[PDB]
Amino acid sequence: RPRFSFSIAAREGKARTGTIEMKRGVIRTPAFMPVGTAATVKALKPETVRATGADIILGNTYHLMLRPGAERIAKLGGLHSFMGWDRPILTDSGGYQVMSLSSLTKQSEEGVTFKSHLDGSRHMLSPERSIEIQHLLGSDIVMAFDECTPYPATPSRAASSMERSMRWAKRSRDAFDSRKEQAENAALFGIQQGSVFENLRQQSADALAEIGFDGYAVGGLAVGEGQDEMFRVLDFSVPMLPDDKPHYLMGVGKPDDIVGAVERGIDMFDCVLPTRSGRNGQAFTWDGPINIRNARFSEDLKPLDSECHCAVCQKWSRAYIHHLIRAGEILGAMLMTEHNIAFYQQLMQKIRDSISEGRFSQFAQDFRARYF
C-alpha cells in the first residue's frame, strides 16, 4: 500500500464515505478510533479491538512520553510492537493533555514546559519534540503540535492562539519532513483553530492548506460549547478545509454528535466515552444509552442491546453485567468496553453503508427518532 491515499467512494450532501490506504492498513471512513491511553485500549486486548471493527486506534502521546518514555518504546521496537496492534495508529501531539493533566505548565513561543502529574518530573514539549516523540512511537498518522483555545475565548485570545498554532503547524511540517523515515512512511495532519469565529477559522484553514497536510483536523471544539454551537461552527468550518483530504473532529464521540458531524463533512472521530466505561456503567443502545448499574437491570436477561452483534450481546445478559459492574469486577469493565466500542463501530458501518446507498439523511433521521 502507499504511504497515504484518501479516496472518496460515495457522497450525500456534505457527508463522504471512502478509505484511507496506509502501509499498515486500510481505514474505512467515516471512522471511529478507539483510544489507547497508556499503550492500551482500556480493558481490551488489541485482537478484541480489531474484532469490534476498528481499523485504527488513537495513541495518547502525553501519557506515553511520561510513563514508559518515547525513547524506551523506540528501543523496544515501537508502539505497534509494544502493545500488539499492527494496524494504523494516529497519535495526538500531547499538548492538549499537557494543559489538562500536567502541573505548573509554562507556555512560550518555543513550546510548553511542564511537570508530570505522576513523578513530578519536567519536560519541554515543542513542535519539534512532539513530532520526534510521535516518530519514536512509530506513529502512522502524526498530529501537528498546536494550542487548543479554551472555551469561551475572546476574539483577540482566539486569534493569538490560532496564529501561534499556525506557526507551530509550519514547524511541525518542517520537523516531519526533515526526518526521512517518518516523511516516507507516515502522514501528517494539520489542526484548524479559531474558536467559534468564522474569520479566524478561515485564516486557519488557509494557513494550513498553504503549508499542506495529508489531513485536516477541526480543533478547538468539544471543549464546553455544546452541540448546537459545535454544529454551527462545523457548518462553516469544514467547507474551508481541502475537500480531497480527510476531516478529523478531535475529541468528539457522543453517537448523535458523530452523526451530525458526518452530515457536516467529518471523516474521523475519537473519544474516550466507549473505553471510559467499566465504572459508571453507561452502555450505548439504539434506544439511547442506559446505565447498567440501575436496579431495573438486576434480573434483565436480555443483551445490552437487542440488535448489537458483538460477542458480549451474544453471550451475556444485562443482569450479569449489572452484577459485575456493581461488584467492581474487572470482567464488567471488559464486557462493557467491548460492547461500547463494538456499538460505535456498528454505528460507523451503518453510516458508511447509508452514505454509499444514498440514504444517510434518512438514517440520521431514523437514528435520532429512536435514540431520543
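Think of the rigid core as the biggest set of C-alphas that the two forms share within 1.5 Å after superposition. Numbers follow the displayed sequence, beginning with 1.
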After a core fit, does 297 to 305 or 222 to 230 show the bigger CA gap to the shown form in 6 other deposited structures of this protein? 297 to 305
May I ask which stretch, 330 to 338 or 30 to 38, sits farther from the shown form in 6 other deposited structures of this protein once every structure is superposed on the core, judging by RMS CA distance? 30 to 38
Coordinates lacking for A51, a third or more of other entries: yes
Among the other entries of this protein that were compared (only those with both neighbours built), does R279 lack coordinates in at least a third? yes
Would you mind comparing 92 to 100 and 153 to 161 for me and telling me which has the higher average C-alpha temperature factor in the entry? 92 to 100
Stretch with the greater mean C-alpha B-factor as recorded in the entry, comparing 280 to 288 against 137 to 145: 280 to 288
Just the C-alpha B-factor column, please: which of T37, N340, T29, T48 has the biggest number? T37
Looking at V112, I131, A186, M250, which has the highest CA B-factor as recorded? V112
Taking the C-alpha B-factors as the PDB entry records them, is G59 in the lowest, middle or highest third of its chain? middle
Chain-wide C-alpha B factor ranking for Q346, given as lowest, middle or highest third: middle
What third of the chain, by the recorded C-alpha B-factor, contains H80? lowest
Among the chain's modelled residues, which third holds the C-alpha B-factor of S178? highest
Which third of the chain holds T52 when residues are ordered by C-alpha B factor: lowest, middle or highest? middle
